[PDB]
């Protein structure tokens, strides 16, 4: 697939597959500039700009190089550097950022972080949900340095309650269970599910999924798993501090098309 450079250069096309535009909001805030570069050329994005996801492959992670910067007195200052990840589905898509370089004034230090960017798509109205039956969504859960997570979720529309499970991630602590939670309409009446995660029947963080698709075809959100990492003091004093591991979640129902299997 060589159309990943077309996502940064070619305009929006109505014939492109599935979700063709992603509004970059949380990925780049305020006056910041998010420069994406991959394959051939590059494109700079501002807050609210559109990402031409239509020319990216569905159900796969596209990887760009991102430089998050800001202008100070007419000159761009590199705030963050790393890899920008985009997972595209048919009615929803989400982005993630792997921090590789931060500031620490004029230089850049090497720090590795990972956060979830935007989670956008055709939000399903809570007032337009099915009434009865259980939908099975299967897809990907991807975290820092691991895109092979297998996400499985199921929603009961008669009880308005869904639950899930994450498997096959490299770190066995991240293979956590998505506890049962109710379907609730958010501020914009969109159908969202928020709950906790369970490892060995113990709370280890939270998770938030959004229902996307005109007929609730897909679910897309993120999970925050509670972990603990080491901090090396200025005198080599280790401290076991708590941290959060962010996991991108994106699943879809099994499709049945008119003219192909």
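Residue numbers count along the first chain shown, from 1.
The segment from residue 104 to residue 105 is interrupted, since 1 to 3 residues of the deposited sequence in that interval carry no coordinates. As the entry records it, the average C-alpha temperature factor is higher for 127 to 135, out of 83 to 91 and 127 to 135. Relative to one another, 216 to 224 and 231 to 239 have unequal mean CA B-factors, and 231 to 239 is the one with the higher figure. The entry lists a Cα temperature factor for residue 34 that places it in the lowest third of the chain's modelled residues. Ranked against the other modelled residues of its chain, the C-alpha B-factor of residue 63 as given in the entry falls in the lowest third.
Per the PDB record, residue ranking by Cα B-factor puts residue 199 in the highest third of the chain.
Among all modelled residues in its chain, residue 24 ranks in the middle third by Cα B-factor. Sort the chain's modelled residues by C-alpha temperature factor and residue 41 lands in the highest third, per the entry.
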